[PDB]
Amino acid sequence: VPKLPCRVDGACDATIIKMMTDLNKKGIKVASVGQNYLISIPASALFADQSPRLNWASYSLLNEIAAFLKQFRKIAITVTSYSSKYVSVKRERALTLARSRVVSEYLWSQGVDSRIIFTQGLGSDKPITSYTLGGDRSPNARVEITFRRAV
Amino acid sequence: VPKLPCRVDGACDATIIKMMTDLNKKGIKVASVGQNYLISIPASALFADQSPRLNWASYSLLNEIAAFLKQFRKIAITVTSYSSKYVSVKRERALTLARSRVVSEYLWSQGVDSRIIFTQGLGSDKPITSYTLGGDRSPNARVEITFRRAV
Amino acid sequence: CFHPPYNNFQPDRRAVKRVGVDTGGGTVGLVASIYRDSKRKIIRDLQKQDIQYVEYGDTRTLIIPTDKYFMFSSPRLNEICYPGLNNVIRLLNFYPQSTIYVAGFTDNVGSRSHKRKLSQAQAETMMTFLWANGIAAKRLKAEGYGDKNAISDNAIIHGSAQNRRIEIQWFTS
Amino acid sequence: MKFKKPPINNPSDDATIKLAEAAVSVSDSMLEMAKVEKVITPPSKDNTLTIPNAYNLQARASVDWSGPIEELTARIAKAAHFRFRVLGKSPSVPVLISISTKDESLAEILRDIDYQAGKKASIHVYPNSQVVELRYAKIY
Amino acid sequence: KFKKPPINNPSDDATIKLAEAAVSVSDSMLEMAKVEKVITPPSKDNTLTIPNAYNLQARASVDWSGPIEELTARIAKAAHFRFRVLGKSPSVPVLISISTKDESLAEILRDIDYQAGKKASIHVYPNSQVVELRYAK
Amino acid sequence: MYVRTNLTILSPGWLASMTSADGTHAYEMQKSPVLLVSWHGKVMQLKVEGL
Amino acid sequence: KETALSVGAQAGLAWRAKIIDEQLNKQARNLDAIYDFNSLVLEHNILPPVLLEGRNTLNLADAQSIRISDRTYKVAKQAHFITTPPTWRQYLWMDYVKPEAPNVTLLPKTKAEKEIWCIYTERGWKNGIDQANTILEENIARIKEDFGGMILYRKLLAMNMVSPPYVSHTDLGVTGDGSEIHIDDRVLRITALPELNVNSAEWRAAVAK
Amino acid sequence: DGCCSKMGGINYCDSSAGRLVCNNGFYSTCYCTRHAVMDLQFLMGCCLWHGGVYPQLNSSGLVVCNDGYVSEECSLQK
Amino acid sequence: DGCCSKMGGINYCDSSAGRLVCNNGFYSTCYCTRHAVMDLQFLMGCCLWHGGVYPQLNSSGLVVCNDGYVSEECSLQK
């Protein structure tokens, strides 16, 4: 016991459940199926309207999600960005790419225990709902992170 | 000697006699000669109107009969079905075969230690009473189980 | 009153029973009935059961453990956990126009052909039961995949346990 | 508002875990071996030709036997009302059969028994003669 | 009311995996037996058929272990048939051991031939009531 | 060890065996405190003491 | 102290052995179903031999000297006769004996002695647990190895890379004196043991679809 | 403990059957001799499936079966 | 203590994963068997990365590793 570790450092299932519940109450979507976890964040609450900028308030949520994701042991995490249709195709493609780049860069700056980070953006190619009246306010515009809790 | 079993486990002669009396007074026929035992059950108390779909309430009766069966070290068990003439010969022959298959399957699911179970149904080809007025209520339309006690 | 074997494929009448046994009050019976038939209560009941429900935007999915709502290694079904299936039908009544996709999934071990055949058989049995419950035949698609794409690891015990599953997907429009 | 993955079974045992972990690998290896030998050797004939089915052979049977052959085949013949006939003499070493099946056909049961017996014995049927012939192998 | 579940059902992950593995190994070994098994068609199974002669329907019980000549001659004597040979006996005689409590002459002769195999054969002429042994050349 | 029965010994491996005219078997094998027999399609164990 | 350690270890080992043996008895039929041997015995009641295969071996003899090998094959156990197919009991069954020995005279005096006795008994229980698990692991590994060798020999014989065994049988008529007689002497001896062929033309490959 | 309880009572023990007889002609449940058919699965002792326990004892506490195999689980441990 | 807090509690230890399984359908963060992946990156025990500590007993306070290298820092001072 004094030599052999009994728990993985900084692990508490009570804290995990607490922050999962808090995130879902905040409205950011957390989903777990089998050995996989997917988190979805609306674009409106994170980025500036039709532009890759960061609100200073958003970094509190970023810190929260970083502290959450620090709890698990993984190999690779994938980040995808989706948005609406604004002017062209390359427009939102590049916008999604830049947003994914920025979020991945900040997460990596944070001491995330991870081996591989993948970043991709698509724009408005696979929306979740036919109803698309809203722009950046439309729920389809989002960012997703997917990973697997390994062993 | 001291740790050798006194009797065969899960067996009590008083229980056997008591439950045999209970079945006989409830009307299910039990017959004994030498060491060959036969049991008869009217199909009315088991199935629907000429249908191979056992009634839900009959599961208690099946439980009781399997519980009785569990006290005998056996090898081979035969289950056959008899019916009444309804439309053709093949119709009720198949009906009896299906009924016997279902009851055999349920018994095999139950813990009745045997080696062989044969199952068949011969419709209305073995009459035992001139009275054939009723349909599924006729006594000849029934199911029967035969076995021989070993040692 | 009711038949445990699927109530002979007849629509459930539970509110009348509850209001009668409560009058024998009417107001409390009605409020309890509406509270329990509220979709929130059905979701909570499904959560109490070993059944998973996922909602993402409009597309919605259902996850069923094969071992708990199936007969072992056979297309037959368990006849004890039928309340879950009744709740499934009651919930699915809420969306009487969306098409349905259903799929079956097994673990890795075994013959490829064997696993694919078993998955197809289980999926077909499930969709057949759903249709017999009273759903229009033109709104169903069924498929059975083997270890083609799992959701977890097959080299660990509990992972393989989670691997085999029944998946249900449906849109809204 | 708790969360729960679906599969929740009874508690397990480490010995069972290890046994299954060995068993899956063993099964896979033997399966691919069988595939290879099937590929390298072409099948020609089916034992159904030697033993076809006939009427009254349809009464179903569920069995579990892990002993010698003679008692089982005698019971089968007694059930089927067919005349038992024996040809040849069994060697000193008994031929042992272990079968774990349930609710199948008599003809396929007998064919499976013949297949497991393999190159030591054979089973033949004559429905017009309503006889079942059990022949041993003359060897050594 | 109460439909109890299977008693020894695999209610454990290791148990279900083990049972599935058992199914797999059963199927694979069945396939192995299928492929490696060799059979002969019932059209060309060169064994003696039943002569279906009325004089061969009796019953007896014989336990013999030795040459074939004396046994077959005695059987012919019982059946009221002439008996002859074709060929020549080898140095070491052909030994056959058949035991029965109740059997008929037809299947008795068939079993004799099956035991004899390639070394000898038996022909029956019912039109001229004779039985002929035939050595291998 | 020599044994005499009418059953079918399985486990230890007998060095020699003799069959009567009535199906009785006489086995000869090495010493062991336990035997295994498939009696009527059912496996069974036999206890041997005093070895 | 250490006496309590030893007795607790004995108790734990015995309890774990009884538990695992009970579990093995309860789950029996599938085990013999998977571990057949009769379906593996050869033509003449001859147990097929045992083989081992190694892939991609390397040895550094010393500086300047390296030897690599692609694949190697070893005959672990030479084939031999057999009268009854082996089972899994002589590979997995555990020895069980309840220790009822009250060889305890360091009986507790105070609460401290009682609790150190308790903790010693606990660690003995755990040590027995791990010991039993290790023994089980060794047993299952051994039996897996034997079965793998059997199936390896079967596969290679199918692939026609090893020599099948050959047995010659001779027959003699009636024999003996005026007091002892034998009906039919039948003497069978395995003349040619199984072995591999170091030749190359005799190799036939396999490919599925 | 009544073997023929609620029956005709004990009649006699048939050794060829290895079973008791109730006065009413029904076979009883108990046994009366070791030469009967009991379902035997669990056994005691060690050195099972081997040459048994070697009668000779050693100064060391190890026990080795007569076929040469050593049973650690039977031997007492350090 | 009970690592599976705020859930059903401990269900059983998957030895193959070397992990506890909570009654809630999730993997616990604690362990039950030593054969698990913990990222240990610091430990004691001198004469490391060599033949280890030589089992010889010596009059001098210096300790030599089995590879022939000596660990004076592990040894005493003067």
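Neighbour counts run over all protein chains shown; Cβ positions are idealised from the backbone, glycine included. Read the figures in this text as sums done on the coordinates, not as results from a lab.
The table that follows gives values for the structure above.
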read-out	value
All-pairs alpha carbon distance profile, region B:1-46, 5 Å steps from 0, percent	5, 16, 19, 21, 14, 10, 6, 5, 2, 1, 0
Environment charge at B:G121 (Cβ cut-off 11 Å; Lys +1, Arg +1, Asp -1, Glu -1)	+3
Using a Förster distance of 30 Å, the FRET efficiency for H:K6-H:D39 (Cβ separation, nearest 0.05)	0.75
Two-site label geometry, B:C12 and D:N53: point separation in nm, points 7 Å out along Cα→Cβ	4.6
Inter-label distance, nm, simple model (7 Å from Cα along the C-beta direction), D:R83/C:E143	6.0
For chain B: relative contact order, % (alpha-carbon pairs under 8 angstrom, 6 or more apart)	32
For a label point 7 Å along the Cα-to-beta-carbon line of A:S130, residues of region C:87-120 with backbone N under 19 Å	C:94-101
Chain F: C-alpha gyration tensor shape, a/c 1.5 cut-off, then a/b vs b/c	oblate
Relative contact order (%) - criterion: Cα under 8 Å, at least six apart; region: chain D	25
Chain H - Debye-derived log10 I(q)/I(0), Cα point model, q = 0.12, 0.20, 0.27 Å⁻¹	-0.57, -0.82, -1.18
Candidates D:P91, D:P43, D:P52: whichever shows maximal mean-square fluctuation once chain D is modelled as a Gaussian network with Cα springs under 10 Å	D:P43
P(r), alpha carbons of region A:1-139 - 5 Å bins starting at zero, rounded %	2, 8, 17, 21, 20, 15, 9, 5, 2, 1, 1, 0, 0
GNM result for chain B, Cα springs below 10 Å: residue of B:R115, B:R91, B:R53 fluctuating most strongly	B:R115
Positive minus negative residues near C:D147 (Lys, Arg vs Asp, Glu; Cβ under 10 Å)	+4
32 Å tail of the calculated P(r), chain G, as % of Cα pairs	51
Sequence-distant residues sharing a close amide H with B:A76 (under 5 Å, placed H)	B:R115, B:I116, B:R148
Over chain G, relative contact order from alpha-carbon pairs under 8 Å, at least 6 apart, %	26
Where the Cα pairs of chain D fall when distances are cut into 5 Å bins, in %	2, 7, 13, 15, 15, 13, 10, 8, 6, 4, 3, 1, 1, 1, 0
Whole-Å distance, taken between Cα centres, linking region E:63-137 and chain H	52
Global form of region G:2-124, assessed from the alpha-carbon gyration tensor, a/c cut-off 1.5	oblate
Theoretical FRET efficiency, 1/(1+(r/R0)^6), r = Cβ-Cβ of G:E115 and A:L38, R0 45 Å, to 0.05	0.35
Entries of C:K141/D:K5; A:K29/C:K68; E:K88/E:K118 with Cα pairs more than 18 Å apart	C:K141/D:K5; A:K29/C:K68
At q = 0.15, 0.33 Å⁻¹, base-10 log of I(q)/I(0) for region D:1-47 (Debye sum, equal scatterers on each alpha carbon)	-0.67, -1.08
Cα gyration tensor shape of region C:1-86, rounded if a/c is under 1.5, else prolate or oblate by comparing a/b with b/c	oblate
Rh by Kirkwood over Cα pairs, then Stokes-Einstein D for region B:56-129 at 0.692 mPa s and 37 °C, µm²/s	245
Region E:61-137 - Rg and Dmax from Cα coordinates, angstrom	11.9, 35
Whole-number D in µm² s⁻¹ for region C:50-167, Kirkwood Cα-pair radius fed into Stokes-Einstein, 37 °C, 0.692 mPa s	220
Kirkwood Rh and Cα Rg combined as Rg/Rh, region C:49-101	1.00
Three principal axis lengths of region G:110-166 [C-alpha, angstrom, descending]	74, 18, 9
Relative intensity, log₁₀ I(q)/I(0), of the protein assembly as shown from a Debye sum that treats every alpha carbon as a point, q = 0.04, 0.07 Å⁻¹	-0.32, -0.96
Total formal charge among the other residues, if their Cβ is under 12 angstrom from that of B:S58, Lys/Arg +1 and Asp/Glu -1	+3
